[PDB]
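Novice:
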Amino acid sequence: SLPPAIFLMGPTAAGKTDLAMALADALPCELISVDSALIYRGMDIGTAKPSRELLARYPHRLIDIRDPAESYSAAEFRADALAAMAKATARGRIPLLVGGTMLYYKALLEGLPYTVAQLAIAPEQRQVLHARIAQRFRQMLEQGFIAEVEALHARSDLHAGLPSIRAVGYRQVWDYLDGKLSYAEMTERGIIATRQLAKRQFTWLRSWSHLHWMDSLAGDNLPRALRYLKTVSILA
Ligand SMILES: [Mg+2]
């Protein structure tokens, strides 16, 4: 009789964090981030990290747990997630792992003493996701993405080749700061990189079994999700 757990994956910008918070208000959950970039402190705007205020009312595990000068392996995620899941479970809370880093989920499922319900969200038309990706990136620039990266760029202990700087978009802003690119080239290439990420995520997901999809444009995802729980043998 393995305790319950929820997986909420999908491409970047699909609306995973949004739905997770919604679900966090419907059931006793423990939000656990599954994102290789959100682990880094000081990388909030460019990574679409939930605001300080939102995190206060929707605490996430595995967020701001590492300095940008540090590395983080899928193996460390593995141990960290298992720890967070056991801790949440002992409290009666349902582990809700939400994120788009597929290698992490993979590491957990393979390398799980839980009855896992797997959800995935994305638009039916990929063109819709691309438009959002482009617009969200432009918003990041307005919210201070460049100044955010300037602070990293100014650290002598950081360089463009580090795992943290590989977070999509950061390398482009970094090169801009090095004066290698124009503002336009930085924007376009940053959007391309993110679109490339979404493509890699769809490839992981398309061959992913036991997934219950949902539409990013749907407005009744909350009730739709709460209903699936029973299907995979889970009494909520
Ligand atoms: Mg998110």
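Numbering (the authors' numbering), first residue to last: 3 to 113, 199 to 323.
The beta-carbon is built from N, C-alpha and C at its ideal position, and this holds for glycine as well.
In chain order, what residues of the same chain have a beta carbon less than 6 angstroms from the beta carbon of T91, not counting five sequence neighbours either side?
Specialist: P5
Novice: Would you call the segment 255–268 and the segment 77–85 touching, i.e. three or more CB-CB distances under 8 angstroms?
Specialist: no
Novice: Give every residue of the same chain whose Cβ lies closer than 7 angstroms to the Cβ of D302, excluding the five residues on either side of it in the sequence, and list them in chain order.
Specialist: Hits under 7 angstroms: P210 and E211.
Novice: With distances taken between CB atoms, is the gap from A76 to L40 smaller than 8 angstroms?
Specialist: no
Novice: Indicate, with yes or no, if ligand 1 has a heavy atom lying under 7 angstroms from the CB of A234.
Specialist: no
Novice: For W295, list the residues DSSP reports as bridge partners.
Specialist: None; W295 has no bridge partner.
Novice: Examine the Cβ distances between the segment 94–110 and the segment 25–34 and report whether three or more of them are shorter than 8 angstroms.
Specialist: yes
Novice: According to the Cβ coordinates, are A238 and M11 closer than 8 angstroms?
Specialist: No, these two residues do not count as a Cβ contact at 8 angstroms.
Novice: With a threshold of 16 other CB atoms inside 10 Å of the CB of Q288, please say whether the residue is buried or exposed.
Specialist: buried
Novice: Of all the beta strand (DSSP E) runs that stay within the bounds of the segment 199–233, which reach a length of 3 or more residues?
Specialist: 202–209
Novice: Can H240 and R282 be called in contact, C-beta distance under 8 angstroms?
Specialist: no
Novice: Among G231, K89, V236 and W300, which residue has its Cα nearest to the Cα of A204?
Specialist: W300
Novice: Short check: CB of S35 to CB of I65, under 8 angstroms?
Specialist: yes
Novice: Out of curiosity, what's the CA-to-CA distance linking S296 and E72?
Specialist: 33 angstroms
Novice: Would you give the residue range spanned by the beta strand (DSSP E) that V100 belongs to?
Specialist: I96 to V100
Novice: Taking the straight line between their C-alpha atoms, what separation do you get for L25 and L313?
Specialist: 8 angstroms
Novice: Given a threshold of 16 other Cβ atoms within 10 Å of its Cβ, counted over all protein chains shown, does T103 qualify as buried or as exposed?
Specialist: buried
Novice: Going by the beta-carbon positions, is the gap between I278 and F224 smaller than 8 angstroms?
Specialist: Yes, the Cβ-Cβ distance between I278 and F224 is below 8 angstroms.
Novice: Take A247 as the anchor and find which of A234, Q222, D265 and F9 has the nearest alpha-carbon.
Specialist: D265
Novice: Return the Cβ separation of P70 and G44 in integer angstroms, given the expectation that the two are a contact with Cβ distance under 8 angstroms.
Specialist: 6 angstroms
Novice: Would you identify the three-state DSSP class for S320, choosing helix, strand or coil?
Specialist: coil
Novice: Measure the Cβ-Cβ separation of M227 and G17 and say whether it is below 8 angstroms.
Specialist: no
Novice: With hydrogens ignored, establish whether the beta-carbon of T19 is closer than 7 angstroms to any heavy atom of ligand 1.
Specialist: With a cutoff of 7 angstroms, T19 counts as near ligand 1, since its C-beta is closer than that to a heavy atom of the ligand.
Novice: Would you check whether ligand 1 has a heavy atom nearer than 7 angstroms to the C-beta of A86?
Specialist: No, the beta carbon of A86 sits no closer than 7 angstroms to any heavy atom of ligand 1.
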